[PDB]
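For reference, the structure is listed below as structure tokens.
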Amino acid sequence: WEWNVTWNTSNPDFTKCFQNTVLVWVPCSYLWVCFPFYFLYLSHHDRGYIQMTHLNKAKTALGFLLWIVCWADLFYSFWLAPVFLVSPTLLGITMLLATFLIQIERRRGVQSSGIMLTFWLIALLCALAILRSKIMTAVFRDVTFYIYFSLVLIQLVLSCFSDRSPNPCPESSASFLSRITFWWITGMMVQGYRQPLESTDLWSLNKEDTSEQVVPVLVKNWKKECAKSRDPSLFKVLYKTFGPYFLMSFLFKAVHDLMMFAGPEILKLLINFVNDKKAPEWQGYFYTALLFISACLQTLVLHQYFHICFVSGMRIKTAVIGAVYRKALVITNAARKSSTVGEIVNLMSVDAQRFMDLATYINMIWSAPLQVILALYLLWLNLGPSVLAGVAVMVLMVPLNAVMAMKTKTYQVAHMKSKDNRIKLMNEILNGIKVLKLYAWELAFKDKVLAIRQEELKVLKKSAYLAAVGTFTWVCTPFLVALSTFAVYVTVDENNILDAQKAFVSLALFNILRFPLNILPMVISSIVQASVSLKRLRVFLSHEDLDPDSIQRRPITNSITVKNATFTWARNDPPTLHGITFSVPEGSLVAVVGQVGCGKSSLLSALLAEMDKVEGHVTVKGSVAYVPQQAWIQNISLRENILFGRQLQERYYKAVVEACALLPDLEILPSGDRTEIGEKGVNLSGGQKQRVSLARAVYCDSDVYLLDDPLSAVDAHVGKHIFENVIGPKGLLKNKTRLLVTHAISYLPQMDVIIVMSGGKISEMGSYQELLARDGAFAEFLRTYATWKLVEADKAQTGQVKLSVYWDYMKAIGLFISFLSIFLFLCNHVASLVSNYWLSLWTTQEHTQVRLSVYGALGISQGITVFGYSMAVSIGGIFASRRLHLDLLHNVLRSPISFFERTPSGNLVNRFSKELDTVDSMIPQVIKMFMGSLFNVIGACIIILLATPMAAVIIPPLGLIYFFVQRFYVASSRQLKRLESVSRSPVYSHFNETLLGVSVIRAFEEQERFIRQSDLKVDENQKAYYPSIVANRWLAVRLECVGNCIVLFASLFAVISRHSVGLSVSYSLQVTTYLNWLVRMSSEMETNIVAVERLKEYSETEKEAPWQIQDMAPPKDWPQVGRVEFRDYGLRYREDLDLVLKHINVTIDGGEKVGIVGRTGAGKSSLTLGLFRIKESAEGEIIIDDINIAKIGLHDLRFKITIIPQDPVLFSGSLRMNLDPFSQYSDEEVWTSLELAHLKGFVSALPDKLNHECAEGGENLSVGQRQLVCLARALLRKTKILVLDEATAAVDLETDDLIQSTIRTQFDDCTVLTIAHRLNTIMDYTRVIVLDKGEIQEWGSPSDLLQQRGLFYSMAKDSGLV
Ligand SMILES: Nc1ncnc2c1ncn2[C@@H]1O[C@H](COP(=O)(O)OP(=O)(O)OP(=O)(O)O)[C@@H](O)[C@H]1O
Ligand SMILES: [Mg+2]
């Protein structure tokens, strides 16, 4: 090796020894270092074995022949030079390793080899170099090399084709080149250009990324971790699960850094050749070719690294969602109260996003130091032994930034904890929107949600401040280090030789150092956010687990054999069931009776292993079917609700439908048992829900039935019919154990055992006959008798996002920030341009100091502007997020009830949880980066145009070739993002539906089907998400290669056309980067803008009538008498179907108690909706005290009309907040109301009294005590209209009489419209007006109706009052 023949001569020729040693050691060596490592992948990853094909054999045979040929050389050498022995043998054995490798790759099922193609490629290049040398030299050993080269070339061509496999994703069957270039997606891309993509174009999900193939691994690893540590660390299981696939990203990142650092060196060498005519031209071309191949390989390896990181993040998100769902289905009640529904919704919505953000930057926590250390070491041997001073700066800056970052972790904890409270509050708002709108409590909760949002948005401002200050130090680090090391370098010794050339090199290198330190703030912020989101996930996954071994669920004497067990709702709270002991024989109908909050329902929940056992033995035998007190209904057709995971059996299904009085219900529905039933059963009535919930349990034939009051909402006749045909001894369940919890006693004589439970312990136990002779606590009670698809789905828009969206976001940000931020951007970029100009243009130690001072001033000015615009962008983004949340909340609240009926409660959760996450976090940073890239591009174009008049006809084409591909990419990226969000919404819907009814699912042992449904929905979401990232890589690969094809032309021109412009080579290198970056950023912003678009989607939806009308204002004492009078009133349930009320005309007098009563599906709960303007009246006019209701607003009417809703619902927070959320009543007033509603005897014993912490939706209370709270609210309001929408249904007889007496006493001067199914209360009323089929039938006093022997007489006959 000497420079005369290898570099100095115009003939590019390697030396003979170099040819025979290094050129042969390179390829053989590559396979030797990769071979061992490759077994890891070949072993850990398997796909079967490929069959015997001609291609595989062709490759194997050529591998055998190639080895022979190489050993044939050793034979001829055996037949002086030392290299003529070792080299042929080494090549033969590495060749024997190559053929063995394709063999094992066949065995392990790999169609395209990631090593063979590269191995042959490198071998080919080495052979090409020797080939050219051997053909320039000119039989004996040359012909062996020609045979070797031809065989290697054919082997390389063969290795490109993909072998046979052992609407799927093409990634599995794509060839190596297609996989490395992401070619296989281009079809979708061009498809997205023809017409917008739909969900059907989105391909299927790979088997490796599927939910059922990812979640079980993490779940098993978590069980192992939580079993070894009898507290476990979530980090250990997380990396043990997601490390083997991620280490490839580490390898690719190392290669990308080692190849990127070569780029500037090759550029510098090229710019010295072009600026020199004393070097053989061949050297210049070689430089351009080397730069081109280096840039191409750099982009390929970088984009492989990025794809691996993104895929790992996607898998992490899928695993996190699956594990959260499984734990939520497994969680216990106490932990469920501790870990609110907002916490779970945040865990599978914003937390995984933090993990995928961490996935991109975790690989940089070693790359950035590595680059910094490499640059510092190279400067050590470039400038001298004075760079250590710069080290001191890192020792005086890093700790500060670390201390500052540590404060952010205590600032993100409150940010991610004040988000769960808001999400929980909005979940309770959406679950009980009907009551929250019937009580006019809209702004009472609108001004309450904007009290946890502004607590969550303030810590965001503080964290943004700490992030801007943290990036300030990183942006000023280089210049400060330069100043410190130069101040030391001059004094470190007599080395004051800061010559322009040296100073120039050091300054350019220190500028290069800016790239590793410009990504550190994002890495640190992502690490902090991921640790904050890791703590919460570890806490949630470490909660207490329900124990199904507490109750011996023996399969199949006595079905239930409770043995003095003392159950409790939570570990620390005092027990609720004390010393319960009973034994129910098989088939014996048992009726639990007592009072409100006595433990009747708690007993069934304790027999379901849903309630903690202090001690005792329970042996409920068989399969248990549960009918909850509040019916649980999903969003499917009524037929599937009845089936509930069972195949249809006409013989049984028809009998079940007939028995539970469902034929009358399956005749008024639009299409019988094929109509969409709504998310929460809103399509059904209050009594039909109970019948459907009972039919679901009856169809699922079990051995033990725990009926928690299944006849608490149906009228007397239908209840009798159901009991006789289902629950009685002559029904379908005549040979099944039935714990029929009942409040109103009518079938007690037909009971077998009557459990009288009071206080919490079984106070009495015996049949009807054995309880009439006790003459005690309970005997005196008996003596005294006390198709269209209604729910739609989120639909993506087709086309470009309207600028209106951009305009609304800009208006949300404001004007002052929209100009100050732009000014800071522009000033920063112009300062950078001048710093680059001066360092370059200006390239006398009096000048050296001046140059150093001005450079430091420019760097500090750049840092100041960077910090300033980061602050401005963060503040503007927070302002925009606040405004957007306010607008979205107002739009949701102002929407009518029908909107909530047709929109599933997973779209709203999506807008308020995930889209808001994007608006707060991703959009500001994306806008900042896009603005920076755009301004950089404009500045670079300007500086080229000003300093090069010739380069004026290339700017328009260069802009066009990038604008066209930008459009071609965004046209599909927008639709991919839209489908991602649309497919995501269902997941939230399913999570809410499951979390609502966990108890029923556990009781029916039907967890697997719901787990599979959640897996399917998450699979659809990831099917929508994966093409987005794949298209991201495709766009970048094409752009970074298209721009890289240009620099090649510039380099060649600079070289080939110089004697007959050294700047263009670097200009193309510099500008193309800005152009590509800019394009990417634009697309990114566009995609994120989609989120804002969806937040706007609810604005155009038609809303309710104006809440307050100032022109039409009622007097303060407007309801003087409450003379309700319906004139021609007809209400239509939905616009398509027919009228539900046909020309009713009713004249109610002031203060006259009305007792509206009718059969099921008679439109009883239509006057209640109409009187509150819940649904606009197609025709008719309700007039209260001479003023039409339709003319007044809404809040005026709502506040002044009291209602007791059919479904008792208690919002989260304190018990007081469920009474006066406006805080308009004193403590004494509320306490008087409590004793008025007969609840003071329960709240007093509570340790927190009035401020007791209610659970999510009120499960902390009973169902009768939740109705007593509604009665307390009605007493507190105390208004002259008291429509009772089927109230007092879930309370015992004596409590019913007590609250009836309270209503009769304190509400004897109001126009109360008591809709009820218990006719005994309606008997002592002034008008018992009857509705039958939407038309008026009876009109008069109850006595007149009874004597008329009409419909009401038959109704009186059915109940048992005649
Ligand atoms: N989810 C819960 N968390 C905590 N305590 C609860 C919960 N559910 C019930 N309790 C406690 O158990 C008591 C009894 O409730 P339960 O609903 O069993 O009474 P009940 O008499 O069957 O009610 P109802 O008359 O409405 O049928 C409540 O008053 C409350 O103290
Ligand atoms: Mg109950």
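Note on naming: chains are A, B, ... as they come in the structure tokens, residues start from 1 per chain, ligands start from 1 in the order shown.
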
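Residues lying within 10 Å of residue A:1098, counting only C-alpha atoms and ignoring same-chain neighbours fewer than 5 positions away, are residues 887, 888, 889, 890, 891, 892, 895, 908, 911, 1093 and 1103 of chain A.
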
With the cut-off set at 6 Å and counting only C-alpha atoms and all ligand atoms, tabulate each residue of chain A with an atom at most that distance from an atom of ligand 2, showing the nearest atom pair and its distance in Å to one decimal, ordered by chain and increasing number, as CSV.
residue,atom,partner,partner_atom_place_in_ligand_line,distance
A:601,CA,ligand 2,1 (Mg),4.1
A:1262,CA,ligand 2,1 (Mg),5.7
A:1263,CA,ligand 2,1 (Mg),5.2

Near-ligand residues for ligand 1, threshold 9 Å, only C-alpha atoms and all ligand atoms, as a ChimeraX atom specification: /A:333-334,337,568-570,573,576-577,592-605,629,708-709,741-743,757-760,1242,1246,1254-1255,1258-1267,1290-1292

Pick out the residues sitting within 7 Å of stretch 812-822 of chain A, and hand them over as a VMD selection string; count only C-alpha atoms, and ignore anything fewer than 3 positions along from it in its own chain. chain A and resid 808 to 809 825 to 826 869 872 to 873 876 to 877 879 to 880 883

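Checking A:57, A:802, A:894, A:228 one by one against residue A:1101, counting only C-alpha atoms, you find the shortest gap at A:894.
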
For a quick check of understanding, using only C-alpha atoms, which of A:317, A:978, A:789, A:990 has the smallest distance to residue A:909?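 Under the stated criterion, the closest residue is A:990.
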
Kindly provide the residues of stretch 445-511 of chain A that approach stretch 243-265 of chain A to within 12 Å, each paired with its closest atom pair and their distance in Å to one decimal, based on only C-alpha atoms, listed by chain and increasing number, as a Markdown table.
| residue | atom | partner | partner_atom | distance |
| --- | --- | --- | --- | --- |
| A:505 | CA | A:265 | CA | 11.8 |
| A:508 | CA | A:264 | CA | 10.6 |
| A:509 | CA | A:264 | CA | 9.9 |

Take the residues from that selection and write them out as a tab-separated table (two decimals), in the first residue's frame, keeping N, CA and C atoms.
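Output contents, as saved in out-v6.tsv:
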chain	number	residue	atom	x	y	z
A	505	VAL	N	-12.28	25.91	11.71
A	505	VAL	CA	-12.59	24.50	11.87
A	505	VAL	C	-13.25	24.24	13.22
A	508	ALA	N	-16.88	25.73	13.24
A	508	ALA	CA	-17.81	24.93	12.45
A	508	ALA	C	-18.14	23.62	13.16
A	509	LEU	N	-17.13	23.03	13.81
A	509	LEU	CA	-17.33	21.75	14.53
A	509	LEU	C	-18.24	21.99	15.75

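Closest approach to residue A:787 among A:704, A:636, A:356, A:22 is made by A:636 (distances from only C-alpha atoms).
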
Exercise: residue A:1316 partners within 7 Å, only C-alpha atoms, chain neighbours under 4 positions left out, as a PDB file with C-alpha atoms, in the first residue's frame:
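Result file out-v3.pdb:
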ATOM      1  CA  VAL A1157    -101.501   6.002  34.901  1.00  0.00           C
ATOM      2  CA  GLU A1286     -92.537   6.636  38.060  1.00  0.00           C
ATOM      3  CA  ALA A1287     -90.763   7.379  41.334  1.00  0.00           C
TER       4      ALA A1287
END
